[PDB]
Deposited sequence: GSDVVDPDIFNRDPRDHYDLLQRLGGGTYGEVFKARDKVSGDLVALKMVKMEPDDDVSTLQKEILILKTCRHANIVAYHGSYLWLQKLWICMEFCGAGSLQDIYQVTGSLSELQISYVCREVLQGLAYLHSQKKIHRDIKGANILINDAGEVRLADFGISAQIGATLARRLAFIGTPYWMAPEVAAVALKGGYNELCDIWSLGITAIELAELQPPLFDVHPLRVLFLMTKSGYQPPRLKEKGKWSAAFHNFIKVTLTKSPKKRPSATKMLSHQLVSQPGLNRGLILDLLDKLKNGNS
């Protein structure tokens, strides 16, 4: 259901969102219900095909989990594709910690638990987020955690490796799946936990292609937390097991929900309400 209609017939555009870090996203108010939503608008070339997204848009619609950002329908109108999603008034975690500074272990643990619940739901649906990081974890004014859109922000970028028509089936398959297994979101989550702990992912001051070269070496060591004494053993093990080099030995999302760090009691949105208070005042 991609309503071929001007989205302004249903909603009123209020302001920009994200400051351009996710393209042109808008805070919009529903004329009817009065609710607030988010509208991500993506431009067309127009060499793009609206139907190649159908298999991806059905993915974002059939997601009945509270930790995934809700989807409310799409809109295509004058080479402009508007994705309507649940709004999260606190922005991303990256927006937050760039003001509040580093997060606490308890806050990280709650965010990790909520992200795992969304991942374990996503992987049970045999989907892969592909880009778990601070900027794709949204917070609402209730301090609740929402994974951002996935699979849609990938294809249509819209630029591959080679040239699609001359590619080989092995090259074609890898240009789509990307050598991905669901267990790479677990790695991404471990890097995100380090990101939420140290404001920056490991090797952030290193050129991107360089770090990828480093990760193919047979003696490559997965990253760690810089300050040992600052974090608990549970957090240090959570980083170790999420950052398992071999995907065969890497715990699944559900198995990680059994881990000490995220199954401990006392994890709730209040930890983020503290973080959103440290945002406005302190």
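- Task: Provide the list of deposited-sequence positions lacking C-alpha coordinates, grouped into contiguous ranges.
- Result: In sequence order, the gaps with no modelled C-alpha are 1 to 7, 164 to 167, 172 to 173, 296 to 297.
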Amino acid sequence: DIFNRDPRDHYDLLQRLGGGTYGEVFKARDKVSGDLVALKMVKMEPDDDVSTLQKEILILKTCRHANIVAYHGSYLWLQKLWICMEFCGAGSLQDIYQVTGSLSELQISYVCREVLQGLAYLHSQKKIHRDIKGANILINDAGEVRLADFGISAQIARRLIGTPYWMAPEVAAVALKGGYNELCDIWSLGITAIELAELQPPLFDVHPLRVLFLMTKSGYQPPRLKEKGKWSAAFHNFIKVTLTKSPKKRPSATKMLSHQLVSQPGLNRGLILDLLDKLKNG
From here on, numbers count along this sequence of modelled residues.
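The term rigid core refers to the most C-alpha atoms you can superpose between the two forms while keeping them within 1.5 Å.
- Task: Would you mind working out which of 254 to 262 and 8 to 16 sits farther from this form in 9 other deposited structures of this protein by RMS C-alpha distance, with the rigid core as the fit?
- Result: The answer is 8 to 16, which departs more from the shown form in 9 other deposited structures of this protein.
- Which of 205 to 213 and 115 to 123 lies farther, on average, from the shown form in 9 other deposited structures of this protein once the rigid core is superposed (C-alpha RMS)? Clearly, after the core fit, the stretch farther away in 9 other deposited structures of this protein is 205 to 213.
- Message: Where both flanking residues are modelled in the other PDB entries compared, is residue 21 itself missing in a third or more?
- Response: Looking at the other entries that model residues on either side of it, residue 21 is missing from at least a third.
- Item | Between 36 to 44 and 224 to 232 (mean CA B-factor, as deposited), the higher | The stretch with the larger mean CA B-factor is 36 to 44.
- Query: What stretch has the higher average Cα B-factor here, 235 to 243 or 56 to 64?
  - Reply: On average, C-alpha B-factors are higher across 56 to 64.
- Query: Highest Cα B-factor in the PDB entry belongs to which of 89, 134, 162, 101?
  - Reply: Among 89, 134, 162, 101, the PDB entry lists the largest C-alpha B-factor for 162.
- What's the residue among 77, 110, 204, 71 with the greatest CA temperature factor in the PDB record? Within the set 77, 110, 204, 71, 77 shows the top C-alpha B-factor.
- Is the Cα B-factor recorded for residue 130 in the lowest, middle or highest third of its chain? For residue 130, the deposited C-alpha B-factor lands in the lowest third.
- Item | residue 18 by Cα B-factor - lowest, middle or highest third of the modelled chain | Middle third, going by the recorded CA B-factors of the chain.
- Message: Quick check on the deposited entry: does the C-alpha B-factor of residue 149 sit in the lowest, middle or highest third of its chain?
- Response: Highest third.
- Task: Going by the recorded CA B-factors, say which third of the chain residue 155 sits in, lowest, middle or highest.
- Result: Tercile = highest for this residue's CA B-factor.
- Going by the recorded CA B-factors, say which third of the chain residue 269 sits in, lowest, middle or highest. CA B-factor rank for residue 269: lowest third.
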